[PDB]
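Numbering (PDB author numbering), first residue to last: 63 to 259, 1000 to 1117, 482 to 547.
Structure record follows, encoded as structure tokens.
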Ligand SMILES: C[N+]1(C)[C@@H]2C[C@@H](OC(=O)[C@H](CO)c3ccccc3)C[C@H]1[C@@H]1O[C@@H]12
């Protein structure tokens, strides 16, 4: 009847504005605050831009196609709305690929990539993403009916002409969803597994606020770490303490030797006794009331915490939070776009087995994915 139409228009209207509000609020928080324009947060701007377009146009136009059950906007308004919807969502999956590429190279190759992530290279990746999405859809939707010589799409309805064949649509489905999802699936596991994955060499790197050095600097750094341990073994007051410590707290001991020298570390008599006597809680308070905690508090606070917990929980707080963001992003993407692509996968091997009702619900389900992304920004960061 029409009673369900009213309810349909209310629910679809609610999701339209809340997507827009969420996206606009993100952009304002990017243009105002100069502390949110980072490398990874710059890619979240392109996502907020693409999702905003869908919320203001695609969400508003596709609703009328369901309500009136007919397209009454013309032929020039049809091919444009499809181009807008397909380019923005294609730039969207390109943005997600760039986001997933940044974290994968920052973990796998932290020596020759972490110091290469600039704003210049970030602006190009986004710029190219929007251009590539344009070349693949705009001519294929606008200038395909002319190459044929006629418009296959009948008046009153609206759909892409070159995607009439289920075979082509399926091929489009794989390269565009199945292939990026499987890639981002492999990347995410590589990032989540290589979380720790944490040695002394990188431990010092953080405390120094240090950066990735050359290939030769790694040869010298290893010799310095190896020679530091030899000095601890030579030391008659450090050797018994160092030997009783585990591989995690051993490195934390070298952290102080690298800083204050072997002799300076040997000063903490009461602390070293507590470390050998497995009294971690008492040594943490003890090391926090020295001159070392007052000279370099942030460096000490991470070393002291390493002693207390016995884990690398003081050097992964920024990296684990970076994985929680991507986890919330790809989860919403594979839970919404999948039921549509499942149908595309199925529709390829049959004729009439998937109702237009399910194609509509499968279509609208992907729209709300653009709404979760602004929420994931306030749910993680
Ligand atoms: C708005 N949608 C609902 C349409 C259908 C789906 O997209 C797809 O599944 C296909 C590939 O399977 C696709 C279309 C365009 C761009 C990339 C993929 C989700 C989004 C996307 O803009 C389209």
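Think of the CB as a built atom: it goes at the ideal place given N, C-alpha and C, for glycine as much as any other residue.
*Best match in 249, 1067 and 235 for proximity to residue 1030 [C-alpha to C-alpha]*: 1067
*Helix, strand or coil: how does DSSP classify residue 1018 here?*
helix
*The alpha helix (DSSP H) with residue 165 in it runs from where to where?*
138-170
*Quick check: the region 81-95 against the region 510-523, are there 3 or more CB pairs under 8 Å?*
no
_Alpha carbons only, please: which of 1078, 1065, 1071 and 1069 is nearest the one belonging to residue 1051?_
1078
*State the CB to CB distance for the pair residue 506 and residue 532, rounded to an integer number of angstroms; the pair is presumed to be in contact (CB under 8 Å).*
6 Å
*Between residue 113 and residue 539, is the Cβ-Cβ spacing less than 7 Å?*
yes
*asked:* Using the three-state DSSP reduction, which class does residue 111 fall into: helix, strand or coil?
replied: helix
*If I'm right that residue 162 touches residue 246 with Cβ under 8 Å, what's the distance once you round it to whole angstroms?*
5 Å
*Report the option in 1110, 190, 141 and 522 whose CA atom is closest to the CA atom of residue 217.*
141
*asked:* Give the residues whose C-beta lies closer than 6 Å to at least one heavy atom of ligand 1, in chain order.
replied: 147, 148, 151, 152, 234, 235, 238, 239, 503, 506, 507, 510, 529 and 532
*Burial state of residue 187 (16 or more Cβ within 10 Å)*: buried
*In angstroms with no decimal places, state the Cα-to-Cα distance between residue 234 and residue 544.*
33 Å
*Below 7 Å between beta carbons: does that hold for residue 194 and residue 144?*
no
*Do you know how far the Cα of residue 1006 is from the Cα of residue 1060?*
9 Å
*What is the DSSP secondary structure of residue 1048, counted as helix, strand or coil?*
coil
*Counting along the chain, where does the alpha helix (DSSP H) carrying residue 493 start and finish?*
483-502
*Could you tell me the distance, in whole angstroms, from the CA atom of residue 152 to the CA atom of residue 238?*
8 Å
*Please classify residue 111: is it buried, with 16 or more other beta-carbons within 10 angstroms of its beta-carbon, or exposed?*
buried
*From 516, 155 and 483, pick the residue whose C-alpha is nearest to that of residue 242; which is it?*
155
*asked:* Is the beta carbon of residue 224 closer than 7 Å to that of residue 206?
replied: yes
*Would you say residue 191 touches ligand 2, meaning its beta carbon is less than 6 Å from a heavy atom?*
Because ligand 2 does not appear in the structure shown, any question about it cannot be addressed here, the ligands present being ligand 1.
*Please work out which residues of its chain come closer than 6 Å, Cβ to Cβ, to residue 167, disregarding the five sequence neighbours upstream and downstream, and give them in chain order.*
175
*Can the beta-carbon of residue 133 be found less than 7 Å from the beta-carbon of residue 219?*
yes
*Three CB pairs or more closer than 8 Å across the region 99-107 and the region 517-530*: no
*Does the separation of the CB atoms of residue 94 and residue 184 fall below 7 Å?*
no
*Coil, strand or helix - residue 174 by DSSP*: coil
*Label residue 1109 either buried or exposed according to how many other C-beta atoms from any shown protein chain fall within 10 Å of its C-beta, with 16 as the threshold for buried.*
buried
*asked:* With distance defined between alpha-carbon atoms, name the residue in 130, 196, 201 and 534 nearest to residue 502.
replied: 534
*Around the Cβ of residue 209, are there at least 16 other Cβ atoms within 10 angstroms (buried) or fewer (exposed)?*
exposed
_Buried/exposed call for residue 515, threshold 16 Cβ in 10 Å_ = exposed
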